[PDB]
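Okay, here we've got a single chain as structure tokens, the form deposited in one PDB entry, with questions on binding and movement later.
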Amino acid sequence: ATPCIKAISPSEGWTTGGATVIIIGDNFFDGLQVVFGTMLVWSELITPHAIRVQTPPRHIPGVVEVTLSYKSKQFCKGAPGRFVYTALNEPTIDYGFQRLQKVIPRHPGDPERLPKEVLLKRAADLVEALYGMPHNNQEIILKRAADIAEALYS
């Protein structure tokens, strides 16, 4: 029997993506994929009734229908989930961390998920290391970072 979607938690994320979401339904299995509108993402299989995905980025805020796909075949077109994308405005403590989890480099032999303290440590290291640079590298990095910031928050 085919995979179905019964609930999505959370049912709402930032347009920048990267948010962990739990898809709850029936008949899930390994290698299944989740469709956010038209965007495919892969999913980690928790149990046959729960699947874990990371929200893909979307350039426009609003409702998207959520469906499932295996090997380019689509399920749930008749009973879709709904996920909502919102525009990110004010940064938050929780977002800053999710963000750091993605961008912070991992020394060999780390856990799959770095503890908040490590992130803050490594982050501190690299930002200090930037201050002691040829300035030619500094102007570029700061211009880059300013571009990144301008694109996420508006």
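In this text, the rigid core denotes the largest set of C-alpha atoms whose superposition between the two forms falls within 1.5 Å. Only residues modelled in both forms are compared. So that there is no doubt, residue numbering starts at 1 and follows the sequence shown.
Although it is not shown, the form deposited in another entry is what the next lines describe.
Chemist: If we fit on the core, is the Cα of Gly31 displaced 2 Å or more between the shown form and the other one?
Modeler: The answer is no; the displacement is under 2 Å.
Chemist: With the core lined up, does the C-alpha of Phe97 move 2 Å or more between the shown form and the other one?
Modeler: Yes, the C-alpha position differs by at least 2 Å between the shown form and the other one.
Chemist: Against the shown form, C-alpha atoms of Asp94 and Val41 in the other form: closer or farther, for a change of 3 Å or more?
Modeler: They are farther apart; the C-alpha distance rises by 3 Å or more in the other form.
Chemist: Can you confirm the direction of the Cα distance change for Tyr85 and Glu90 in the other form, closer or farther than in this form, given it is 3 Å or more?
Modeler: Residues converge in the other form, at least 3 Å closer.
Chemist: Using only residues present in both forms, find each stretch of at least 3 consecutive residues where all Cα shifts reach 2 Å or more between the shown form and the other one, with the core as the superposition reference, and list them in order along the sequence.
Modeler: After superposition, only residues 89 to 133 shift as a run.
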